[PDB]
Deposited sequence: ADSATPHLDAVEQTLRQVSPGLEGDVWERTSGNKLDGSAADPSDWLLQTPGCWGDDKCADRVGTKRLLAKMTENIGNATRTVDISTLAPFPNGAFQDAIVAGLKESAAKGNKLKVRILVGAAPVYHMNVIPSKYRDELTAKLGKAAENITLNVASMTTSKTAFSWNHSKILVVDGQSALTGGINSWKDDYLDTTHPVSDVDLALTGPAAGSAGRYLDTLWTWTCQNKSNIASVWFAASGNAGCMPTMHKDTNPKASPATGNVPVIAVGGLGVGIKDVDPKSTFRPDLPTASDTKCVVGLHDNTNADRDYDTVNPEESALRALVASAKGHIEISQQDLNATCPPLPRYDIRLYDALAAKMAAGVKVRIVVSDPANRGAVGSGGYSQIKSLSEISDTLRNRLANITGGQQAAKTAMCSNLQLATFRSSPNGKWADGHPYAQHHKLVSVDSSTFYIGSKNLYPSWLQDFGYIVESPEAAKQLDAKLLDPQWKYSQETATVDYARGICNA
């Protein structure tokens, strides 16, 4: 096959969540990574994009991100569909949205617009009002829905997806919250990444948002769950995408993609079509407390409505050669979450045991918002213990780990910290395998029970672009913090 990695992932998803195929996950063909003619890699919307400079003077990544948001929105003829994590977009993120809506309205277009945020159980009516004011005359052309939502207080579940879909044709998604203080007006900007694509896979994002809004609209009268606000006398629009855009978006290229999300907890309890029978592993050091119900490691029905967890574990399991992971964290704070995803660590262990190389770059523990560990040993100890189950013991585990692991914290320049003295915060949710297939989205690899979304793309060209523009510069600067680095014989773990 031309797509051995997506083929494997797809086969897993059809066993895990068959009743969600089309809505919460979907394989499509005919997509394009949406880069410029001058710089074809600039579909990769990294931020800040200031490699080598501890002052972050020339933020070529931020500039391109904000420009691309406005470009895509400004090309709208029918719909604009946005999700993110609260707070609502502010600063130049909000400026970019407003500029795009005005651009589209001046071209004579009448738009439907949804903006959904997940929140701890902010104020939609105020954001609607702020936006309507800033739109000016353009607001005459726009039907707006704005909502904040919480799906489960006790499982800590709410939207965490960060999506911008225009006309079902273009989509930007990734880890980037639209938070000016963390990303923009700061001399220690968070490092993160979105991608830009067009094609049928953008339609997949639209159908995922219809799923979230269908729940949101159904619960709009429940005060503990949803705060909703619309323009004019407009109603809640649960199926804006299905109602307004083609069931299949137009093809724009030849890139194959799996779109995959999750429903968290409190939307749907199980996929009743699923006959998934997982082999669930055991461990004594993930569930820190006996009271905790562990959805990540011990709830079959949870997996069936959260295909993304399985998709990420299958993407790791597909690797023949090498895996690069860039995350805020691999481990979560317990309670209320378990410390780690056993199956994911077991998948990484299986790969190292077979000589497949694994690089994990996480955020510096000095950030502990943007870190949940005290030391890289909380990751290496765990990988070692899981390797021990399949290599015959602790010594042979340590050897397999030291021979096949790169483990480090993130820097973007020679300096251990930004020049203002703040540690580098990293927030990517990135996995790449074999210079071939990669995930960019909102789903963290640490235990998390939220609504999330992302794309798995099988395109060696784009993955090599990803290498050049992001992973290579990352490892250039980050390798100096490594506790384990097989490429240099370092093994301080």
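**Student:** Should a student be asked to find the unmodelled regions, what ranges of the deposited sequence would be the right answer here?
**Tutor:** Unobserved in coordinates, per deposited numbering: 1-2, 124-128, 376-381.
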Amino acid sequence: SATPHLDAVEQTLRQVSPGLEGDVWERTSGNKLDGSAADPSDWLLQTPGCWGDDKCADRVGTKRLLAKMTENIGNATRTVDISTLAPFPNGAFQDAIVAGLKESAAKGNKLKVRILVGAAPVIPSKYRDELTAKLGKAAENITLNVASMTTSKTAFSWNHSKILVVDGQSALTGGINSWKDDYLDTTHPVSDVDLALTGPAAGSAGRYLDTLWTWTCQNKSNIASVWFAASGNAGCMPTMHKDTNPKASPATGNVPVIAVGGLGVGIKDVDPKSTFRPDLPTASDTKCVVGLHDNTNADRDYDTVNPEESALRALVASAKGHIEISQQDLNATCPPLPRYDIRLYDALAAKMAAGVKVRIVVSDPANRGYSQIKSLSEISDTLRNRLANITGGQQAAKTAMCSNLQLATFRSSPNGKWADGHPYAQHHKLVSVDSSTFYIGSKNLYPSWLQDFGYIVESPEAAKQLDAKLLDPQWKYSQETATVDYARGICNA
From here on, numbers count along this sequence of modelled residues.
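Take the two forms, find the largest set of C-alpha atoms that superpose within 1.5 Å, and that set is the rigid core.
**Student:** I'd like to know which segment deviates more from the shown structure in 6 other deposited structures of this protein: 393-401 or 279-287, using C-alpha RMS over all structures and residues after a core fit.
**Tutor:** After superposing on the rigid core, the more displaced stretch in 6 other deposited structures of this protein is 279-287.
**Student:** Do the Cα atoms of 122-130 or those of 229-237 sit farther, on average, from the shown form in 6 other deposited structures of this protein after fitting on the core?
**Tutor:** Of 122-130 and 229-237, the stretch deviating more in 6 other deposited structures of this protein is 122-130.
**Student:** Between 49-57 and 446-454, name whichever shows the higher mean Cα B factor according to the PDB entry.
**Tutor:** Taking the mean C-alpha B-factor of 49-57 and of 446-454, the larger value falls to 49-57.
**Student:** Averaging C-alpha B-factors over each stretch, which comes out higher, 469-477 or 18-26?
**Tutor:** Per the PDB record, 469-477.
**Student:** Checking the entry, which one of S157, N306, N367, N295 has the top C-alpha B factor?
**Tutor:** Comparing C-alpha B-factors across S157, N306, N367, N295, the maximum falls on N367.
**Student:** Among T151, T143, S249, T252, which carries the highest Cα B-factor?
**Tutor:** That would be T143.
**Student:** Ordered by C-alpha B-factor within the chain, which third holds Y127? Give me lowest, middle or highest, please.
**Tutor:** For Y127, whose C-alpha B-factor we compare with every modelled residue in the chain, the answer is the highest third.
**Student:** Ranking the modelled residues of this chain by C-alpha B-factor as given in the entry, is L312 in the lowest, middle or highest third?
**Tutor:** Lowest third, going by the recorded CA B-factors of the chain.
**Student:** Among all modelled residues of this chain, ranked by Cα B factor, put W418 in the bottom, middle or top third, i.e. lowest, middle or highest.
**Tutor:** Tercile = highest for this residue's CA B-factor.
**Student:** Relative to the other modelled residues of the same chain, rank the CA B-factor of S36 and answer lowest, middle or highest third.
**Tutor:** For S36, whose C-alpha B-factor we compare with every modelled residue in the chain, the answer is the highest third.
**Student:** Relative to the other modelled residues of the same chain, rank the CA B-factor of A319 and answer lowest, middle or highest third.
**Tutor:** For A319, the deposited C-alpha B-factor lands in the middle third.
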